[PDB]
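Participant: A single structure is presented below for examination.
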Amino acid sequence: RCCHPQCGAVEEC
Amino acid sequence: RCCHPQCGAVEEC
Amino acid sequence: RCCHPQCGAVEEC
Amino acid sequence: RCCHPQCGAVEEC
Amino acid sequence: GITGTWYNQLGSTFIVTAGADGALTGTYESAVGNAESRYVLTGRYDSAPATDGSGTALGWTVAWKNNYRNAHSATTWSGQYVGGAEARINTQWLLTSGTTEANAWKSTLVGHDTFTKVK
Amino acid sequence: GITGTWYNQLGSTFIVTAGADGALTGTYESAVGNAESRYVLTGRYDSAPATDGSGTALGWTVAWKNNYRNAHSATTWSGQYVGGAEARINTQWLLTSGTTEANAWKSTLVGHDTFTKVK
Amino acid sequence: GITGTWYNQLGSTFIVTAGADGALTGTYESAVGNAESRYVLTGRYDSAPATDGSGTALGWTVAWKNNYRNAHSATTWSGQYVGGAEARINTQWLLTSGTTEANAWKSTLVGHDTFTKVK
Amino acid sequence: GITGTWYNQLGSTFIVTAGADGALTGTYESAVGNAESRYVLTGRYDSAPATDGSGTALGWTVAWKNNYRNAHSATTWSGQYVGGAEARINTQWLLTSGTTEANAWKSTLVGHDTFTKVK
C-alpha cells in the first residue's frame, strides 16, 4: 500500500 | 478559556 | 498538462 | 507594526 | 449517511443536511446550542463517490457572524466522510480573520477536526 | 464589492454573488467557461466587517462534480477580500480527495490563490 | 524530555537528540528501521520554554533521500512538545515534492502527526 | 545554486549554505541584520534532484529564540528551489507557538513566502 517513506514504507514498490 | 466560536465558546468574553 | 478541474482544465485527460 | 521576528521585527514591542 | 448531527472533540455540534444535488446546509453550534452561539454553514460534497471503498470528499464554510455576535473571521473545513459502524468525517481546517495589510501574514490558522456521530 | 467576476493566476474564473445575509453563491470555471468545466460554489462572508481598514473574511467550497465530470474531490478556499482600486481576494486552499483508509495520509493538498478583477 | 525515541500512528520511528543550544538531530525510520529506510533529520526547538504550562515549540525537516533511495521530496513538521506521564509531540506537517512549473500548484500535501513515547 | 542570500516579500533575509550531504545551515534575519534579530536555521534539501526540469525539494526550521530574545515559537518552511536567471524558492510555512492545552487549537499559523536573490 504505502510507497513513500512518510507512511512508513519498508520495502520499495 | 475559549473566547472564539471555533473552540466551542458559550459565554462571550 | 492540467488534468484536474482546479488548474483550469478544459478537456479530459 | 511588526512585533514577531518572522515579519522582520527590528525592535521589541 | 452525512445528514444528521455530528460532534467534534472540542465541544461543538454540527447539524447538517446533505442535498441530492451535492449541497450541504445546516448550523454549527456550541455544546449548549443557545441562539447566540448558532452560525449558518454551507458547503458541497461529492454526491456520487467512488465504490472502491474510498471516502466521500466534502467541505463547508462558516462565517463567524450571526444576529448577535461577529468575530470577523471565517473557517473552512475540507475533508472526507467515512461510513461504517463508526462513521466519521476527518477534516483539516483554515480559519482566516479579517486583518490590516500589516497583519495579513498572520491572518490564517490551520488545524484539524474529527467529527463522530456520538459525543 | 465582492459580487462579480474574479480571476486567479492559474487561469480559472470565479463568478460570485454576495448576498445581504452573508451568503456566497456562484460558479467556478475554466478560462474558456465551457459547460463541462463549470462547477457550483457556495460559501459565506462577513457581511459587517470592521471599519479599521481590515479585510473582509470569507470562504467557499467547490465539490469537483457537475453533470459531466466527477473528480471525487473538493476544495475549500479561506481568505479575505481587500477593496480598493486594485481589489483582491487573498486565499489559502485545501484540496481533499476521496481516498481509501491506507491513502488518507496523502488526501489533502494545500496551496494559495490570489484573485483579481482583471486578468 | 525531548531526547529519545518517538512513535507516530503511521508506523514510523523518530529518534532524536535535543542539544542544549536548541538543535534537534537524529533519524526518521520505518517500524523496522532497515538501512534503506533511515533518513537524516535536523531541526530546532525552544530551549527555554515558558513556565506557565505551555508546550515547547519545535520543528524539523527530513529530505527523503539517503544513500539508497530518493523520493525527491521533503517534509517539515511544526508543533509542540507536551511533557507529563503521557508526553507527546503534536504536529502538523507539509510534504513538498519537486515538480515542474506546470504541477507546482499541487506540490504540497498537508497533514498532522502525534508522536508518543510508547508504541 | 541554493547557497547565498535570499529575500522574501515581508522584509526578511535568509542566508544559507547548502552542504554536499543535503544539509542546509544558516541564519534568518531582519532587513537590517542587527544581532538581536538574527536566528539560527537548519534544514535539508534534495542533493540529487530529477533532471526533468523539476524543482529541488527542501525545508528548514527556525526556532524564534536567540541570545537576546525568545518568542516561544518555531516556523518551518517547506517548498522547492527553482533555478534560472530568475531563481526562486517557493514555500509554504507553519508557525507554531508554545501554548497551554486550552489554546492548542489555535497554536499554528499557515502562510507562504517566495524568496528571490534580489530584493
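Letters for chains follow the order of the C-alpha cells (A, B, ...), residue numbers begin at 1 for each chain, and ligand numbers begin at 1 in the order shown.
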Just list as number ranges by chain whatever in chain E DSSP marks as helix (DSSP H, G or I).

Facilitator: E: 35-37, 101-106

Participant: Write to file, as a PDB file, in the first residue's frame, the residues of the selection just made, with C-alpha atoms.

Facilitator:
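What ended up in part_2.pdb:
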```
ATOM      1  CA  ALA E  35     -29.228  31.247  19.982  1.00  0.00           C
ATOM      2  CA  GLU E  36     -26.110  33.421  20.274  1.00  0.00           C
ATOM      3  CA  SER E  37     -23.769  30.503  19.557  1.00  0.00           C
ATOM      4  CA  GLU E 101      -2.393  44.769   5.397  1.00  0.00           C
ATOM      5  CA  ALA E 102       0.366  44.764   8.018  1.00  0.00           C
ATOM      6  CA  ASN E 103      -1.058  41.742   9.840  1.00  0.00           C
ATOM      7  CA  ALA E 104      -2.111  39.774   6.755  1.00  0.00           C
ATOM      8  CA  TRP E 105       0.872  37.442   7.092  1.00  0.00           C
ATOM      9  CA  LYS E 106      -0.633  36.026  10.308  1.00  0.00           C
TER      10      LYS E 106
END
```

Participant: All Cα atoms, paired in order, least squares: that's the fit I need for chain B onto chain C, output as a PDB file with N, CA, C and O atoms, in the first residue's frame.

Facilitator:
```pdb
ATOM      1  N   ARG B   1      -1.566  19.681 -20.058  1.00  0.00           N
ATOM      2  CA  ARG B   1      -0.743  19.678 -18.815  1.00  0.00           C
ATOM      3  C   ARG B   1      -1.629  19.490 -17.588  1.00  0.00           C
ATOM      4  O   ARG B   1      -1.363  18.634 -16.743  1.00  0.00           O
ATOM      5  N   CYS B   2      -2.682  20.297 -17.502  1.00  0.00           N
ATOM      6  CA  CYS B   2      -3.618  20.239 -16.384  1.00  0.00           C
ATOM      7  C   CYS B   2      -4.695  19.177 -16.598  1.00  0.00           C
ATOM      8  O   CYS B   2      -5.377  19.176 -17.623  1.00  0.00           O
ATOM      9  N   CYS B   3      -4.846  18.281 -15.625  1.00  0.00           N
ATOM     10  CA  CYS B   3      -5.840  17.216 -15.712  1.00  0.00           C
ATOM     11  C   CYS B   3      -6.840  17.221 -14.557  1.00  0.00           C
ATOM     12  O   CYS B   3      -7.542  16.238 -14.326  1.00  0.00           O
ATOM     13  N   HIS B   4      -6.900  18.330 -13.833  1.00  0.00           N
ATOM     14  CA  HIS B   4      -7.829  18.461 -12.720  1.00  0.00           C
ATOM     15  C   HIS B   4      -8.547  19.793 -12.872  1.00  0.00           C
ATOM     16  O   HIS B   4      -7.944  20.789 -13.264  1.00  0.00           O
ATOM     17  N   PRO B   5      -9.850  19.830 -12.567  1.00  0.00           N
ATOM     18  CA  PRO B   5     -10.611  21.076 -12.692  1.00  0.00           C
ATOM     19  C   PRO B   5      -9.947  22.271 -12.015  1.00  0.00           C
ATOM     20  O   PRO B   5     -10.038  23.396 -12.505  1.00  0.00           O
ATOM     21  N   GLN B   6      -9.268  22.023 -10.899  1.00  0.00           N
ATOM     22  CA  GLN B   6      -8.615  23.092 -10.146  1.00  0.00           C
ATOM     23  C   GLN B   6      -7.648  23.960 -10.953  1.00  0.00           C
ATOM     24  O   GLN B   6      -7.654  25.184 -10.816  1.00  0.00           O
ATOM     25  N   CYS B   7      -6.811  23.343 -11.782  1.00  0.00           N
ATOM     26  CA  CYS B   7      -5.854  24.122 -12.563  1.00  0.00           C
ATOM     27  C   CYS B   7      -6.417  24.646 -13.883  1.00  0.00           C
ATOM     28  O   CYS B   7      -5.663  24.992 -14.795  1.00  0.00           O
ATOM     29  N   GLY B   8      -7.744  24.707 -13.969  1.00  0.00           N
ATOM     30  CA  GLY B   8      -8.407  25.223 -15.156  1.00  0.00           C
ATOM     31  C   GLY B   8      -8.548  24.287 -16.340  1.00  0.00           C
ATOM     32  O   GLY B   8      -8.673  24.742 -17.476  1.00  0.00           O
ATOM     33  N   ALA B   9      -8.551  22.984 -16.081  1.00  0.00           N
ATOM     34  CA  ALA B   9      -8.669  21.992 -17.144  1.00  0.00           C
ATOM     35  C   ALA B   9      -9.912  22.186 -18.008  1.00  0.00           C
ATOM     36  O   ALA B   9     -11.003  22.449 -17.502  1.00  0.00           O
ATOM     37  N   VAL B  10      -9.734  22.054 -19.318  1.00  0.00           N
ATOM     38  CA  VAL B  10     -10.834  22.182 -20.267  1.00  0.00           C
ATOM     39  C   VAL B  10     -11.069  20.798 -20.863  1.00  0.00           C
ATOM     40  O   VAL B  10     -12.198  20.307 -20.913  1.00  0.00           O
ATOM     41  N   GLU B  11      -9.983  20.176 -21.308  1.00  0.00           N
ATOM     42  CA  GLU B  11     -10.032  18.841 -21.888  1.00  0.00           C
ATOM     43  C   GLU B  11      -9.829  17.812 -20.791  1.00  0.00           C
ATOM     44  O   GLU B  11      -9.023  18.016 -19.883  1.00  0.00           O
ATOM     45  N   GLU B  12     -10.554  16.704 -20.872  1.00  0.00           N
ATOM     46  CA  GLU B  12     -10.392  15.650 -19.888  1.00  0.00           C
ATOM     47  C   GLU B  12      -9.183  14.857 -20.372  1.00  0.00           C
ATOM     48  O   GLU B  12      -8.939  14.767 -21.577  1.00  0.00           O
ATOM     49  N   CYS B  13      -8.418  14.295 -19.445  1.00  0.00           N
ATOM     50  CA  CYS B  13      -7.236  13.528 -19.818  1.00  0.00           C
ATOM     51  C   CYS B  13      -7.520  12.032 -19.839  1.00  0.00           C
ATOM     52  O   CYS B  13      -7.280  11.406 -20.894  1.00  0.00           O
TER      53      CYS B  13
END
```

Participant: Hey, what's within 12 Å of stretch 84-91 of chain F if we count only C-alpha atoms and toss same-chain stuff fewer than 4 positions away? As a ChimeraX atom specification, please?

Facilitator: /E:74-76,94-99,101,104-105,107-108 /F:1-9,14,45,53,55-60,75-80,110-119 /H:110-112

Participant: Please provide the set of residues having any atom within 9 Å of residue E:40, restricted to only C-alpha atoms, with same-chain residues fewer than 2 positions apart removed, written as number ranges by chain.

Facilitator: E: 25-29, 38, 42, 61-66; F: 44

Participant: Hey, can you spit out that residue selection with N, CA and C atoms as a PDB file, in the first residue's frame?

Facilitator:
```pdb
ATOM      1  N   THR E  25     -26.081  22.062   3.919  1.00  0.00           N
ATOM      2  CA  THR E  25     -26.642  23.227   4.590  1.00  0.00           C
ATOM      3  C   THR E  25     -26.910  22.846   6.037  1.00  0.00           C
ATOM      4  N   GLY E  26     -26.813  23.807   6.940  1.00  0.00           N
ATOM      5  CA  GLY E  26     -27.058  23.481   8.324  1.00  0.00           C
ATOM      6  C   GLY E  26     -26.602  24.554   9.280  1.00  0.00           C
ATOM      7  N   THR E  27     -26.265  24.132  10.490  1.00  0.00           N
ATOM      8  CA  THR E  27     -25.825  25.057  11.522  1.00  0.00           C
ATOM      9  C   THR E  27     -24.685  24.471  12.340  1.00  0.00           C
ATOM     10  N   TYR E  28     -23.828  25.352  12.839  1.00  0.00           N
ATOM     11  CA  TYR E  28     -22.695  24.957  13.662  1.00  0.00           C
ATOM     12  C   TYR E  28     -22.954  25.647  14.998  1.00  0.00           C
ATOM     13  N   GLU E  29     -22.918  24.895  16.094  1.00  0.00           N
ATOM     14  CA  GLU E  29     -23.184  25.485  17.399  1.00  0.00           C
ATOM     15  C   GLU E  29     -22.379  24.865  18.531  1.00  0.00           C
ATOM     16  N   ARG E  38     -25.151  30.026  17.621  1.00  0.00           N
ATOM     17  CA  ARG E  38     -25.553  29.324  16.402  1.00  0.00           C
ATOM     18  C   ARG E  38     -25.115  30.083  15.152  1.00  0.00           C
ATOM     19  N   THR E  42     -22.622  26.406   5.053  1.00  0.00           N
ATOM     20  CA  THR E  42     -22.990  25.974   3.718  1.00  0.00           C
ATOM     21  C   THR E  42     -21.771  25.288   3.118  1.00  0.00           C
ATOM     22  N   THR E  61     -18.193  25.947   4.886  1.00  0.00           N
ATOM     23  CA  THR E  61     -17.714  27.198   5.443  1.00  0.00           C
ATOM     24  C   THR E  61     -18.675  27.750   6.472  1.00  0.00           C
ATOM     25  N   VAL E  62     -18.120  28.443   7.457  1.00  0.00           N
ATOM     26  CA  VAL E  62     -18.913  29.111   8.471  1.00  0.00           C
ATOM     27  C   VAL E  62     -18.266  30.473   8.672  1.00  0.00           C
ATOM     28  N   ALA E  63     -19.034  31.541   8.472  1.00  0.00           N
ATOM     29  CA  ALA E  63     -18.531  32.892   8.712  1.00  0.00           C
ATOM     30  C   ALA E  63     -19.007  33.118  10.141  1.00  0.00           C
ATOM     31  N   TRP E  64     -18.096  33.514  11.019  1.00  0.00           N
ATOM     32  CA  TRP E  64     -18.428  33.678  12.426  1.00  0.00           C
ATOM     33  C   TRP E  64     -19.195  34.932  12.799  1.00  0.00           C
ATOM     34  N   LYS E  65     -20.340  35.094  12.147  1.00  0.00           N
ATOM     35  CA  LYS E  65     -21.231  36.215  12.404  1.00  0.00           C
ATOM     36  C   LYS E  65     -22.671  35.731  12.377  1.00  0.00           C
ATOM     37  N   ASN E  66     -23.452  36.160  13.361  1.00  0.00           N
ATOM     38  CA  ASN E  66     -24.871  35.843  13.402  1.00  0.00           C
ATOM     39  C   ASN E  66     -25.566  37.137  13.825  1.00  0.00           C
TER      40      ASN E  66
ATOM     41  N   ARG F  44     -19.558  31.593   2.519  1.00  0.00           N
ATOM     42  CA  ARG F  44     -20.040  32.609   3.450  1.00  0.00           C
ATOM     43  C   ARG F  44     -19.010  33.720   3.588  1.00  0.00           C
TER      44      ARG F  44
END
```

Participant: Where does DSSP see strand (DSSP E) in chain H, if you list the residues as a PyMOL selection string?

Facilitator: chain H and resi 4-7+12-18+23-30+39-45+56-65+70-82+88-97+108-116

Participant: Return the neighbours of chain C among the residues of chain F, cut-off 7 Å, counting only C-alpha atoms, as a count of residues only.

Facilitator: 7

Participant: So which one's closest to chain E, F:34, F:17, F:51, F:100? Using only C-alpha atoms, please.

Facilitator: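 Ranked by minimum distance to chain E, first place goes to F:100.
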